[PDB]
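Novice: The structure's right below; bear with me while I get my questions together.
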Amino acid sequence: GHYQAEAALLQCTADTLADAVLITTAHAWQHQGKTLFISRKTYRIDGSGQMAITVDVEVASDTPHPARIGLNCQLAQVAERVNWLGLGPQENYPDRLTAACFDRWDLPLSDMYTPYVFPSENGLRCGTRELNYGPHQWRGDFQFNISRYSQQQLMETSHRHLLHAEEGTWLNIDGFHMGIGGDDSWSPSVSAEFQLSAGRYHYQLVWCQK
Amino acid sequence: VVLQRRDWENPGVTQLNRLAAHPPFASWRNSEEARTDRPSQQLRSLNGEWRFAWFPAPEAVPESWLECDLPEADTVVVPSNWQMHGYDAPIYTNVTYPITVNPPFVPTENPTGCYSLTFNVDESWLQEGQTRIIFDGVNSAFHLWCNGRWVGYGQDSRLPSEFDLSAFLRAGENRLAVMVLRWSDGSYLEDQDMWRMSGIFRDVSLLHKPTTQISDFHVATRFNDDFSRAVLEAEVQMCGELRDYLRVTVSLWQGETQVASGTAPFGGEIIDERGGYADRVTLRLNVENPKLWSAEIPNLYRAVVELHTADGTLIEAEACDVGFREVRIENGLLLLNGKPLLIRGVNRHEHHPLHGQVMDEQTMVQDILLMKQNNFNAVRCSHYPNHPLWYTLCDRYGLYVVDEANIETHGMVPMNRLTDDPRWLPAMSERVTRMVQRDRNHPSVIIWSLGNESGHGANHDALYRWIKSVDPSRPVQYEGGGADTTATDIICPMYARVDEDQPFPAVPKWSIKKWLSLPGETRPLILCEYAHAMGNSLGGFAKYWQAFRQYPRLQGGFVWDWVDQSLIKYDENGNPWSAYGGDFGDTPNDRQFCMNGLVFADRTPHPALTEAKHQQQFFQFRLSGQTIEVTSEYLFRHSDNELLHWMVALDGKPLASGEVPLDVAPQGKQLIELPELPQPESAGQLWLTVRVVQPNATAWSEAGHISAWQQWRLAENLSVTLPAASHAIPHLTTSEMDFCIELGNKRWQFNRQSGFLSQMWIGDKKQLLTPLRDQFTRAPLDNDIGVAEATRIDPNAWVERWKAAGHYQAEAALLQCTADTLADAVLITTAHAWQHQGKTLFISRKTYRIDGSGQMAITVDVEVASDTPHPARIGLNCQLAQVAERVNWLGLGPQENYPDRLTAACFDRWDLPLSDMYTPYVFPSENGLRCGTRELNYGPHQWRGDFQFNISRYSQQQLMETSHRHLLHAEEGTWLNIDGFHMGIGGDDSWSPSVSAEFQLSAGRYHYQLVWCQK
Ligand SMILES: [Mg+2]
Ligand SMILES: [Mg+2]
Ligand code: NA
Ligand code: NA
Ligand code: NA
Ligand code: NA
């Protein structure tokens, strides 16, 4: 039930600090009585206008290791360029990133989408320390993809030509992402060191207008 | 002639008037006594009180000593090493010879032991027959006198020297004089990494044989394809006058039942143009369905060799235990009785902390019992033939033995200088040939070794072929010169790693997996030495066993090594303590490098032993749904003394348990269906633990012995319940130097100058003696120090990289320390940088959130500079004021475990006395860590999270500053080290970086969280 898990709010509190506001949240993702994942976050917004997000996720040890541990949203902005400090310029995944180089990359948005004839998760860049898109800047140590197509549309569309650009831009930012595998394509082929089996995961992001 | 010839500086003279080597003799004059292996009246022990005098050189021995006792001499027990009686110092050196390298010469100051004994010889012994003296071990050379007359000379410290005293003795009182030289030309071949000692350290005895005698015998067992039929073949040699009425009868016994018998006159088959051996006979006995010998089931028969007249007067009988087994290498695999062995081995020196290199039955048996109880099936005699009883015990208890010749020339440059020299072939040949002649009938010996660390010379090739010619029944191995030379049947490297190549010029140590498949390579690979167990070690042990089980031609190895070579010394108060190199005035020396054992010198286990036991298990397990699959790795026996116990617990709390008898054929599988387990209501992880228990006692183990175990995670129910909201709010108080937080009877103090929690109060009683501070260092392990020789400094060693980077002297610099009062909490935020000479090594960012329920949640985020050597640990430490009796934790245990050595540990609720949380390594280091811990309890304190911890009365600082465990003193209170992350310990070897990349702390950014409260 990974694809239909519903979020249940456990905790949502606000605190005032000397120079910031602190929001604390906790969610449980459940499928038919069973808790799959718990996400605990803090959002810290200071006087510089930076929003520091910490995410700590628990993954139930008896649930299949998940494809990713991240955040997503549909931004209103549609911008022409994507600029990042990280591995690139091309699409790269944790078990296929050796060709990719760490540097400052700048590409048109459409280059951040890989037009696989059968649509799937695509266009991830890993080892990214800074990402820029329109007015936004995200900093941390993360994996991301960015495009006009939601994961939902990609998984429901059988051919690339049938994909339609959605309103705004879909952003997926991952603290962690599973290997893609490929030793073969007819059995589990993602090596153990690239499966998300650690049980507890931490990542942190700073979101700001640049 | 004696002082003039100087035979101890001549490699061309290794003996004078010494008798031929042979298998163990007792010259029974009754066949029943031979059969039952009872004492023989013809074999007398001369062990006991002898006369001893020490001299700085042989030239200083008074010529009076030959005929008469010196009253200035003392009464000492024999066998003994004289260093253990205080006469001079034992020397510990590893590679560098303890004498100047000037072959064949030794130092003119050559310590000399003058042994003597006055004893009765009965008349009956001199009227008829031959009386010989047997010195089982004399280190390292000796001249022998009987009643003032010179008998002979012998070298090789580790094999029996025998002399005929028939013409030397008289009825009644006699006197023996033995002049033992510490150093000889034989010392050049005795450069083993051990204490250098001397003396009559093995048994002395007198043997009476009749004139017409069994002078040698060889037992062979050959088999048909399925081992349902055997032929025992016994060649027997005689001395004395040949007569037509003489016969040999070889009879084979199984308990009190005689199974086969052969009788024949002397006269072998034609051998060449000159005939055959008139003085030899070969008996061939048929055995149907022989009970086969193995380490798993050590089935033995008794062979009695009777020399007698045709009409049946017994002249004498000799005997031996016979184990029916075939050892062969076929298609690249080492087979015992047709099945591929998996060697669960260990190297074992002959060492006692009180008696030195003198061995006793009790210590030998203790060693065998502990070995078998910890799933060992093999032993390598590193690096010399052992005390004769060892082989008898390995025959009877069941251990595979590598019997190794007393040859090591490690200190030579290059290592093969003497072994490639034909001038040294005679001395070498005797160390090989006389071992084979002695030990060839012991079924436990399955492999011969040509020695150790002597490079590869032409002499090795010659002696390899000699053994292959003389004894086809056993493979020959030798590691020297690259571990895969023409002198070895088995690729037998020392400390080759599993996945990592070490490409040394001329003598590379390839990854063991890669070595097997090198172009044209076909042999089996069994490491003569691996997993160096020096101090806190055996990290990466599981990696070896995974590889051994996956690759047919990887057939195991011998751990280095069994027992710490530490010696007892006594302090001013007469209290005993363990000493290593340098502690006896011995210099040069190689310090603690003599201690590499799985067990302490008194045979108390190191924590590493349990990891070996677990990895060497003979049952393998898989879980699928409710089904446990048990696979046997026994080759011969069914699991007829085994039951599987299983238990499911929720975070330490038992919920269900049961037991099922195991009925697994060798190499077979058994499926065990677990009953339906009821769901737990509460949150937490279910754990399944299985154990194989032996309901019955064996010769090697007690009833209830656990031989194997395994654990799995079952269902996890993650906690979603909100902790009850408290109506109390913590109160913040501020001063220039402190943030203080008060809640009920609890108080916390944060020093604003340092940025650390400096104090904590429960009922106004102080909980800390030292503030809670980040720690990135450990008191270095022997593996961190990375030294095989005390003269060698390696900039590449972990400790040296840490020191050069300033990890041990980097000091915290405060960047930020703030306090915020929240709705139901006080939030302290801190940030620190550790810097060394301008460079920022680490940054630590923390929050401490103290809420109304009294809990302090600590969140820690650390950055480690990518170009600094990866740190030993990332955690906190403090000195608690409390000393409590017990430590209680939910995590891996009960024993010490580290990230690359935790497979043996199980997750459960453990409760131990505080002293058990400290491992008394003789060289003090970081110790007692327990990993995968979710909850720790000590006095009124509880820490929760996911961490590694150790807890003791000794700080990391004291540990790293103290060279011996006996010099450690309990500090005030208790030092707690709680780690989010801890580096592996390594141990593939102990003289180079050996921590595998996956166990190094290289991630750059680290996160962990702890909740500290009172229960
Ligand atoms: Mg000599
Ligand atoms: Mg050596
Ligand atoms: Na699709
Ligand atoms: Na194997
Ligand atoms: Na050693
Ligand atoms: Na130390």
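Numbering starts at 1 and runs along the chain as it is shown here.
Method of determination (from the header): X-ray crystallography, 2.0 Å.
Placement of Cβ uses the backbone N, Cα and C atoms for every residue, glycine included.
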Novice: May I ask you to find which of B:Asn94, B:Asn289, B:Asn897 Swiss-Prot records for the substrate site already listed with B:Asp193, B:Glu453, B:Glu529, B:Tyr530, B:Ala531, B:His532, B:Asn596, B:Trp991?
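Specialist: Swiss-Prot lists B:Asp193, B:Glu453, B:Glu529, B:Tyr530, B:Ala531, B:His532, B:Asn596, B:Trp991 binding substrate, and from B:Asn94, B:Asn289, B:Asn897 it also lists B:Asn94.
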Novice: Reported as an integer number of Å, what is the Cα distance between B:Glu453 (substrate binding site) and B:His410 (Mg(2+) 1 binding site)?
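Specialist: Taking the Cα atoms only, B:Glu453 (substrate binding site) lies 5 Å from B:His410 (Mg(2+) 1 binding site).
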Novice: For B:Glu408 (Mg(2+) 1 binding site), what is the secondary structure state per DSSP, taken as helix, strand or coil?
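Specialist: SS state of B:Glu408 (Mg(2+) 1 binding site) = strand.
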Novice: Of the binding-site residues B:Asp193, B:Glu408, B:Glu453, B:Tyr530, B:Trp991, which ones put their CB under 6 Å from ligand 5?
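Specialist: Correct list: B:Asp193.
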Novice: Looking only at C-alpha atoms, tell me how far B:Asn596 (Na(+) binding site) is from B:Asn589 (Mg(2+) 2 binding site), rounded to the nearest Å.
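Specialist: One finds 16 Å between the Cα atoms of these residues.
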Novice: Tell me whether B:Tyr530 (substrate binding site) sits in a helix, a strand or coil according to DSSP.
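Specialist: Assignment for B:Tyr530 (substrate binding site) reads strand.
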Novice: What is the total of other Cβ atoms whose distance to the Cβ of B:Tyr530 (substrate binding site) is within 10 Å?
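Specialist: Within a 10 Å radius of the Cβ of B:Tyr530 (substrate binding site) lie 26 other Cβ atoms.
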Novice: Among all chains shown, work out which of the binding-site residues B:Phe593, B:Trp991 has the most CB atoms within 10 A of its CB.
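Specialist: The residue with the most neighbouring Cβ atoms within 10 Å is B:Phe593.
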Novice: Name the residues of the same chain, 6+ apart in sequence, whose Cβ is under 8 Å from the Cβ of B:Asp193 (Na(+) binding site)?
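Specialist: Those within reach of B:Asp193 (Na(+) binding site), by Cβ under 8 Å and sequence separation of 6 or more, are B:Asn94, B:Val95, B:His410, B:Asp590, B:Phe593, B:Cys594.
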Novice: Could you tell me the C-alpha distance between B:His383 (site 'Transition state stabilizer') and B:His532 (substrate binding site) in angstrom, no decimals?
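Specialist: Distance between the two Cα atoms comes out at 16 Å.
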Novice: Pick the one among the recorded positions B:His349, B:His383, B:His410, B:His532 whose Cβ has the fewest other Cβ atoms within 10 Å in this structure.
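Specialist: Across B:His349, B:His383, B:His410, B:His532, these recorded positions, the one with fewest Cβ atoms within 10 Å is B:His410.
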